[PDB]
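Numbered according to the entry's author numbering, the sequence shown spans residues 7 to 42, 54 to 141. Every residue, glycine too, gets a C-beta built ideally from N, C-alpha and C. Scroll down for the structure; my scribbles are underneath it.
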Amino acid sequence: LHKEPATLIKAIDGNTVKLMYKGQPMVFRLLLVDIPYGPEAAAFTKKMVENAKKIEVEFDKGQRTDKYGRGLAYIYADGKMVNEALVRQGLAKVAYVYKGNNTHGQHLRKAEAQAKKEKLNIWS
Numbered sequence: 007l008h009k010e011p012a013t014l015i016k017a018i019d020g021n022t023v024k025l026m027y028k029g030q031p032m033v034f035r036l037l038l039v040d041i042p054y055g056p057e058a059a060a061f062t063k064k065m066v067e068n069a070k071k072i073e074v075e076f077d078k079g080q081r082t083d084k085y086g087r088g089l090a091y092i093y094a095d096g097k098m099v100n101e102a103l104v105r106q107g108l109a110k111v112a113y114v115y116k117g118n119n120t121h122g123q124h125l126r127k128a129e130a131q132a133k134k135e136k137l138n139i140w141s
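Next up, the structure:
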């Protein structure tokens with residue numbers, strides 16, 4: 007897997023963001039992030066992407082867009098994965114793997130388990 011450069015265009019909600027990617031505007035859905054705290058998750062992703070000096074998108078090895086045309090990726094803000102930060106903060110759950118895109122699933126489930134043990138936010 008490899009990180010590619012992108013530019014924030016705008017924050018949308020906890021697991022959706024609009025980016026300039028290879029010179030075209032594209033809506034991206036954060037892989038493996040399930041939002042059941055919806056405003057809270059939205060605000061967290063919004064801050065994280067808008068303060069970044071560097072946004073990267075990392076496709077997984079399965080299908081790269083969903084049926085609505087959204088890119089399916091891990092999104093990184095200054096080197097930190099947004100998908101993982103949300104889960105570790107207890108602001109989303111880890112989704113069922115979609116079509117071969119599971120490369121970071123174990124890593125994210127470890128972050129979720131930690132959030133759970135700490136009883137954070139959704140794990141109240």
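- Taking all protein chains shown into account, residue 30 has fewer than 16 neighbouring C-beta atoms within 10 Å of its C-beta and is therefore exposed.
- About 6 Å separates the CB atoms of residue 74 and residue 92; that is less than 8 Å, so the two are in contact.
- A Cβ-Cβ separation of about 7 Å places residue 110 in contact with residue 139 under the 8 Å criterion.
- 8 Å or more divides the Cβ of residue 108 from the Cβ of residue 34.
- Where residue 56 is concerned, the enclosing alpha helix (DSSP H) starts and stops at 55-67.
- The continuous beta strand (DSSP E) containing residue 30 extends over residues 30-36.
- Note on geometry: alpha-carbon atoms of residue 85 and residue 113 lie some 18 Å from one another.
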